[PDB]
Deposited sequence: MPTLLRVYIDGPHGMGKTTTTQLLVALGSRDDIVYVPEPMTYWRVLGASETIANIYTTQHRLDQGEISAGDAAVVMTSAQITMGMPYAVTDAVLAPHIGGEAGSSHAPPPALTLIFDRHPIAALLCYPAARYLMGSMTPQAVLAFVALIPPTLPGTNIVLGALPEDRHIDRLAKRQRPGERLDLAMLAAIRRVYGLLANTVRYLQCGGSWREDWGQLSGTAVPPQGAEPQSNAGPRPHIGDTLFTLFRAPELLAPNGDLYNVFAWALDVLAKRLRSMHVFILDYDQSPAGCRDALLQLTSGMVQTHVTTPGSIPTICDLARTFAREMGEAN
């Protein structure tokens, strides 16, 4: 009965996620830990041409009033599909190999992913909605498509003060502070949402506490108010019927959001430290993560093959 440890490193761009993941992997034996990198080659060439350049280019032309919100939404929506494809297809092929949740002995294999499918199907789309370039209905359609949450889904989010974050970003994409704020807010909201659900929060019971505007710990702390969760973003006029509550189609999508996030294992990594400091901190966090059994005898080698294949073909 070989066990597997899956860890998805996620959160806003520019905090040091990629470095620290590589550093952690460099500490292990090549055969017992494998890095699933960002699929940059899929994004710039294989799925479409220079998808990142197109997203940045679209938000800029919308911001400058050169294209309409509608024109922006179509490009952003199609672009996000391209951005999420390698994550969704990897999740789908991995799925059959994942058994139940297995502290416990060291895992036979550890897979560290640079992001989870919810980055492209939920977080970046929600931030683009805040930026005016995605409709809330399209964000909810993406949510309804998030794959069932496999057992042992450990997600590591990141903490980094805005000023240090902004500092790192003056490195070269395009320098969008509003987008940085939006993606930090969405990942904030996501950590609070997982805690709200894990504390027994029912969005349907608390929906009425939202009426207002905009004024995190994913696995500690008291229960957050629904106003500090992702459910706050969907009180948009577009989604409300003439009686005032959400149309049922959108309510069901929120039911799906709850189901998917409630069973996840979320951890917060302080990135306000040197690269080796982030590496250790993540390594200490990796000890409280949930492992799973695998379903077949050869699932370990198959999974390892999948991960190396992915890295070779799609990472730079």
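Next on the checklist: If I number the deposited sequence starting at 1, which residue ranges have no C-alpha coordinates at all?
Outcome noted: Model skips 103-105, 176-179, 223-228, 330-331 of the deposited chain.
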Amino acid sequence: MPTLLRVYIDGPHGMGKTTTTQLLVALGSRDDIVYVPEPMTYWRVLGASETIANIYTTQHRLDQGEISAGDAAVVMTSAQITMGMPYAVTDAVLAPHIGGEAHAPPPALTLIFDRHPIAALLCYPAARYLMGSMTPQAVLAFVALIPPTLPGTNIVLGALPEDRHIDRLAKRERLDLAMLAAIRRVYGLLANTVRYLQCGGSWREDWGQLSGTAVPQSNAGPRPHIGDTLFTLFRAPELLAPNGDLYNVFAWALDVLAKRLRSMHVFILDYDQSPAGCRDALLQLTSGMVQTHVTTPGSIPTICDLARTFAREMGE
From here on, numbers count along this sequence of modelled residues.
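Take the two forms, find the largest set of C-alpha atoms that superpose within 1.5 Å, and that set is the rigid core.
Item to check | Outlying stretch relative to shown form, 204-212 versus 141-149 in 8 other deposited structures of this protein, C-alpha RMS (core) | outcome: Result of the core-fitted comparison in 8 other deposited structures of this protein: 204-212 deviates more.
Checklist entry - Taking C-alpha RMS after core alignment, which stretch differs more from the shown form in 8 other deposited structures of this protein: 110-118, or 163-171? => result Comparing 110-118 with 163-171, the larger C-alpha deviation in 8 other deposited structures of this protein belongs to 163-171.
Next on the checklist: Tell me whether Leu239 turns out to be unmodelled in at least a third of the other entries of this protein, restricted to those that model residues on both sides.
Outcome noted: Comparison shows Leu239 kept in all of the other entries.
Item to check | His103 dropped in a third or more of the other entries | outcome: Looking at the other entries that model residues on either side of it, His103 is missing from at least a third.
Next on the checklist: Highest mean C-alpha temperature factor of the two stretches 268-276 and 61-69, which is it?
Outcome noted: Of 268-276 and 61-69, the stretch with the higher C-alpha B-factor average is 61-69.
Next on the checklist: Highest mean C-alpha temperature factor of the two stretches 120-128 and 70-78, which is it?
Outcome noted: So the stretch with the higher mean C-alpha B-factor is 70-78.
Item to check | Residue selected from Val89, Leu239, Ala102, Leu230 by maximal Cα B factor | outcome: Max CA B-factor in the entry, restricted to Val89, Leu239, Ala102, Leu230: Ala102.
Next on the checklist: Highest Cα temperature factor in the entry, among the options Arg115, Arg184, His225, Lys171: which one is it?
Outcome noted: Comparing C-alpha B-factors across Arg115, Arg184, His225, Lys171, the top value belongs to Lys171.
Checklist entry - Which third of the chain holds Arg164 when residues are ordered by C-alpha B factor: lowest, middle or highest? => result It falls in the top third of the chain.
Next on the checklist: Where does the C-alpha B-factor of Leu27 rank in its chain, lowest, middle or highest third?
Outcome noted: CA B-factor rank for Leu27: highest third.
Checklist entry - In terms of the CA temperature factor given in the entry, to which third of its chain does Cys199 belong: lowest, middle or highest? => result According to the entry, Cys199 has a C-alpha B-factor in the chain's middle third.
Item to check | Entry-reported Cα temperature factor of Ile55, expressed as the chain third it lands in | outcome: It falls in the middle third of the chain.
Item to check | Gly212 - which third its CA temperature factor falls in, relative to the rest of the chain | outcome: Tercile = highest for this residue's CA B-factor.
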